[PDB]
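Next up: a single chain in structure tokens, the form deposited in one PDB entry.
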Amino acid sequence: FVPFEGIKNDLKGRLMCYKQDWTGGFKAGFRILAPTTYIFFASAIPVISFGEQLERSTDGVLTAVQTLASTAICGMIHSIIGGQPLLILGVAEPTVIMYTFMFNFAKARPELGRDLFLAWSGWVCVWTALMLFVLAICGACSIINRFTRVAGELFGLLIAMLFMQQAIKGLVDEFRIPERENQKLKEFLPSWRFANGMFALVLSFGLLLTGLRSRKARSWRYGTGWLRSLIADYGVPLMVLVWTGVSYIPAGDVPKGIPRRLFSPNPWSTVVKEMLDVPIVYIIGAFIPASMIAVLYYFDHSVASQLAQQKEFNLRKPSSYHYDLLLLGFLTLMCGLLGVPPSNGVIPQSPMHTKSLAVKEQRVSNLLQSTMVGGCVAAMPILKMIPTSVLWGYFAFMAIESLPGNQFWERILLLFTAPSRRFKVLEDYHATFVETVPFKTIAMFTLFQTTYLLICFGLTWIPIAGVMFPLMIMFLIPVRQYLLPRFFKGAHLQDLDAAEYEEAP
């Protein structure tokens, strides 16, 4: 834990291959475009969805433009001067939730109001940058091995529940009048509103089901190999385009806002000044949410890097955890100054990128994908054709796609499985702890984990205290270290909380 030792080691290790990182990427030629576009499509659409969420939750202060710009700039900077280019940066849901809490707090306080929300966010980002600098200097990344499976799967499931909640919220609001829209327009009559709601339901469910089916196209029997691969890789964008076109079918026989489309404005049509006007008391109070955003980033960046640098990939280059965290602090400071939400490592974008590069490790794919994500801002008129129902369907799609490889979800299903029926579980691929651990212990572990998850999810509903859930997430580390061994017996915990995904036939 010697200060500056880790950063120096990572810089030394990554400074002997920089020219190699660039040359190998240039040597790959035009063949490097396929992974680049794959990751770009995996990254942009969730960013646009988070931007629409922020727009509906921030009264239009933040939109898809800000999220796209932040993602793009942070990605280019990380690719050029970052330590681990395989890591993919972008705006994530927890950041959206934090900013929603901060906006709700600011709106209710006249001293700040909606006008100083971005300035208060910038001060929060300054504080977060300071804490990340401290954590990176003190070598707190040397203990990332304690972010065991339990916390990772609990956080993943919580994010999935938030995604589903947002999808349901959007589908419900499709039946209502927007808060900041003219109420006299024809499209907002009760009949047209009901029609828009049902059309949104149709489009969202179609998108969801078609994408889920397409995710397993390479396993299909029909079609050519290249077509099957193209589908399995780009079903989400392809289905988005298809259902947009479907939405455009009755365009001639209905009003203009039927179905509703992206509310994000077209930009074609710095806040350091206001950060000086914020009262000192609120500048100090920004310490609170900054600590929790810093905790979230310290967790997510490290976990995403660990996933992207799995030993099975046979990577021949070292890791840059500490320098990556320091650069994340710098990026957070810069984004707060610019008036955009900060970006951090995302999952499974980084492992998917590494798999697509399987390894051809270089800094060109990330740079290019961030460049096109930023250029999508210039294509805002085209993106504005996408209905919001498709975005809600995509939210539900991610919520459902967070489940497959999650052991907590499988253990919940086992808990809800009938006693006379577990042979069916044993008839297919299953985890080792099913055989090597008694069912009662698995049930107790799953019940404790589910209670913790539901407590965190309920806390998220509290107006002000709901900004504390990262603290609960981080409390799982010492709990797993100290308390669980008291109530559990060694190998049971090791199998139920193994750092490796163990499967049996």
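Just so we're on the same page, rigid core means the largest C-alpha set that superposes within 1.5 Å between forms. One rule holds for the numbers: they count along the sequence shown, beginning at 1. Only residues modelled in both forms are compared.
There is another form of this protein, the form deposited in another entry, and it is not shown here; the text below is about that form.
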To test your reading of the superposition: with the rigid core aligned, which of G83, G170, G329, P289 moves its Cα by 2 angstroms or more between this form and the one not shown? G170
Checking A195 here: with the core superposed, does its CA move 2 Å or more between this form and the one not shown? yes
Does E181 move appreciably between this form and the one not shown, meaning a CA displacement of 2 Å or more on the superposed rigid core? yes
Comparing between this form and the one not shown on the rigid core, is the C-alpha shift at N145 2 Å or larger? yes
Direction of Cα pair change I48-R228 in the other form, magnitude 3 angstroms or more: farther
Given a change of 3 Å or more, say if the Cα atoms of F313 and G405 sit closer or farther in the other form than in this form. closer
In sequence order, what stretches of at least three consecutive residues shift by 2 Å or more at the Cα level between this form and the one not shown, with the rigid core held as reference? 145-263, 384-415
